Structures are given as C-alpha cells and as structure tokens.
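Novice:
Residue numbers (the authors' numbering): 223 to 331.
1. Can you tell me where the alpha helix (DSSP H) holding residue 329 begins and where it ends?
2. Would you report the Cα separation of residue 323 and residue 245, rounded to the nearest angstrom?
3. Measure how close the beta-carbons of residue 278 and residue 301 come, nearest whole angstrom, since I'm counting them as under 8 Å.
4. Apart from the five residues just before and just after residue 237, which ones in its own chain have a Cβ nearer than 7 Å to its Cβ?
5. Between which two residues does the alpha helix (DSSP H) harbouring residue 273 extend?
6. Within 10 angstroms of the Cβ of residue 248, are there 16 or more other Cβ atoms? Answer buried if so, exposed if not.
7. If you draw a straight line from the C-alpha of residue 224 to the C-alpha of residue 312, how long is it?
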C-alpha cells in the first residue's frame with residue numbers, strides 16, 4: 223500500500239486496491255479456514271486503505287471537482303469500508319456543491 227500511493231495517482235491506486243482485495247479473498251478461500259476470511263480481508267482494508275487515507279483524501283478534492291465518475295465510485299467503495307474514510311469525501315463534496323451553489327446564486331440581478 224505505501225508503495226502504491228507514491229507510484230500511482232488516486233484513480234490507479236483505487237483500481238489496484240480493489241484488485242488486491244479480490245486477490246486476497248480468492249487467496250483466503252484457497253488456503254484458509256472460513257473463520258479467518260473476514261479478519262484477513264479487514265487486515266488488508268486497514269493496511270491498504272485506512273493507513274493511506276491522507277493520500278486518497280488529498281486527491282479526493284480534485285476527483286470530485288473534476289467529476290470523474292468512475293474514480294469517485296471507486297473512491298466511494300474503498301472509503302465506505304473505512305469508518306473515517308467517507309467524512310472527508312462528504313465534506314469535499316459539500317464544499318464543491320456550496321461553491322457551485324453560491325456562484326450560481328450570487329451573480330443574480
């Protein structure tokens with residue numbers, strides 16, 4: 223994860239992490255007892271998404287403000303697995319909407 227944030231932009235990071243989580247689920251079923259599947263996927267979500275949240279959050283502004291629908295959907299799916307992931311995306315979307323709304327309403331005669 224640490225390597226993935228520095229080498230990949232937020233769009234790519236998200237696509238790779240979604241792939242890795244799936245690889246991990248497959249890996250868990252190939253080797254482990256079912257009692258371990260959830261604990262392992264969670265450990266992966268913690269280390270790949272939660273420990274690297276600040277990077278996702280920095281690019282979240284740009285991703286929202288540019289309305290990149292796929293990246294936003296991918297960002298939403300990853301950030302929804304982390305309890306502290308959605309609040310910043312929510313605030314950034316709120317700010318994007320607020321600024322777009324003030325601009326649309328203040329210039330009225």
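Using N, Cα and C, we set each Cβ at its ideal position, and we do this for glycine too.
Specialist: The relevant details are as follows:
1. What you label residue 329 is simply residue 107 of the chain shown in a count that begins at 1. Unbroken run through residue 329: none, as it is neither H nor E.
2. Taking the first residue of the chain shown as 1, we reach residue 323 at position 101. Taking the first residue of the chain shown as 1, we reach residue 245 at position 23. If I take the Cα positions, the gap works out to 42 Å.
3. Within the chain shown, the letter at position 56 stands for residue 278. Within the chain shown, the letter at position 79 stands for residue 301. Rounded, the Cβ-Cβ distance is 7 Å, consistent with contact.
4. As a first step, residue 237 must be located in the chain shown, where it is residue number 15. These residues qualify, in order along the chain: 296.
5. On the chain shown, position 51 is the one that residue 273 refers to. Segment: none, residue 273 is in no alpha helix (DSSP H) and carries neither H nor E.
6. For this step, residue 248 is matched to residue 26 along the chain shown. It is exposed - the Cβ of residue 248 has fewer than 16 other Cβ atoms within 10 Å.
7. Stepping through the chain shown from its first residue, residue 224 is reached at position 2. Stepping through the chain shown from its first residue, residue 312 is reached at position 90. Rounded to whole angstroms, residue 224 to residue 312 spans 24 Å at the Cα level.
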